[PDB]
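First comes one chain, alone, set out as structure tokens in the form deposited in one PDB entry.
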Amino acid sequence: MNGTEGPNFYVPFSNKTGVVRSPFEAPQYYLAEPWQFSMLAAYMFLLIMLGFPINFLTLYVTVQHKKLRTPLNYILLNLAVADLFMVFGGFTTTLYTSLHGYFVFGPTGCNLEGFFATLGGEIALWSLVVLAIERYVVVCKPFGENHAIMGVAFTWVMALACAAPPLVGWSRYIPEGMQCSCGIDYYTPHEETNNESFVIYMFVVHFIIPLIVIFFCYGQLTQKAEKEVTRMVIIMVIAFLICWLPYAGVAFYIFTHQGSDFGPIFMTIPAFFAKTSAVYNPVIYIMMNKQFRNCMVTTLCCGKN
């Protein structure tokens, strides 16, 4: 076998050498060297020490600033809060997992690792949706503390309809690559949870569609200021595709070819790269939005414009 399956895992390595051990009981240092694991744990340490200040600052500013209540400001606060969950709920476990070369925290840790990452990306994928329409309405012209809170609520509803099932009984979060990150069970059919039907679902209801919607809405496209809130949204959407296509693409190749001879590094890259999703959004924000950039500076200098 080009792989080693367990009742709850799947290590991309042949146990013909009788060296493959569970990602839950012993380090996976027989997959890659101990330097690449501490390298991952360093990356995770950085993502943590940036994802926190940057998302929380963002959170503290829109909350602190009285005149910061645009749907954009709402969606961007959302991401800042989802990015914080990613960081504490998820990044916490993935940091300590790498520091041990396996899931020391057990499955509760694998679930923590995957739920917040999927919730993370899905809230982004869904908030990018709540934004695309707003731009078909304030630019293609067919809001506020009213409707933005429904889009913001809706993003959690939808994201949760994706990150929540593998926790209860539809699909399962399972260690990927160097067995340090967890994601949807693309690897096995597992008749018991038919993650074969969940992947066909997640890929359509939480990937394909949400995207085509962000597309035709875009294809079907103060009065001069909306061009920069647009160019931002456009950019936000593009940066998301860069985090998730490398992943989602790799994730699908595997779902269809369940059994191939791929290695651990194969999915470790698109998967660990994708975690910048927790930090990248609030950077585009300062960059192309004179309103926030200035208001953030005011939160820092305590008044000196």
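Residue indices: 1-based, along the sequence shown. Basically, rigid core = biggest C-alpha set you can superpose within 1.5 Å across the two forms.
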{"query": "Residues with no coordinates between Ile209 and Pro210, taken from the deposited sequence as a class", "finding": "none"}
{"query": "Absent coordinates between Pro142 and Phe143 - deposited residues affected, binned into four classes", "finding": "4 to 9"}
{"query": "Residue stretch of maximal mean CA temperature factor, 212-220 vs 108-116", "finding": "212-220"}
{"query": "Stretch with the higher entry mean CA B-factor, where the candidates are 7-15 and 292-300", "finding": "292-300"}
{"query": "Maximum C-alpha temperature factor, selected from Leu99, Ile174, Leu128, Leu77", "finding": "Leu128"}
{"query": "Candidate residues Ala124, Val138, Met86, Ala164, the one whose C-alpha B factor the record puts highest", "finding": "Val138"}
{"query": "CA B-factor ranking of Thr93, expressed as a third of its chain", "finding": "lowest"}
{"query": "Cα B factor band for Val279 (lowest, middle or highest third within the chain)", "finding": "lowest"}
{"query": "Chain thirds of CA B-factor: placement of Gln258", "finding": "middle"}
{"query": "Cα B factor band for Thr188 (lowest, middle or highest third within the chain)", "finding": "middle"}
{"query": "Ranked against its chain, the third holding the CA B-factor of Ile242", "finding": "lowest"}
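Although it is not shown, the form deposited in another entry is what the next lines describe.
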property: Is_shifted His190 between the shown form and the other one (CA, 2 Å cut-off, rigid core); result: yes
property: Flag for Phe37, CA shift 2 Å or larger between the shown form and the other one after aligning core; result: no
property: Shift of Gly259 between the shown form and the other one at or above 2 Å (CA, core fit); result: yes
property: Cα separation of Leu57 and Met287 in the other entry versus here, shift of 3 Å or more; result: closer
property: Outcome for the Cα pair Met287, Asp83 in the other entry, compared with this form (closer or farther; change of 3 Å or more); result: closer
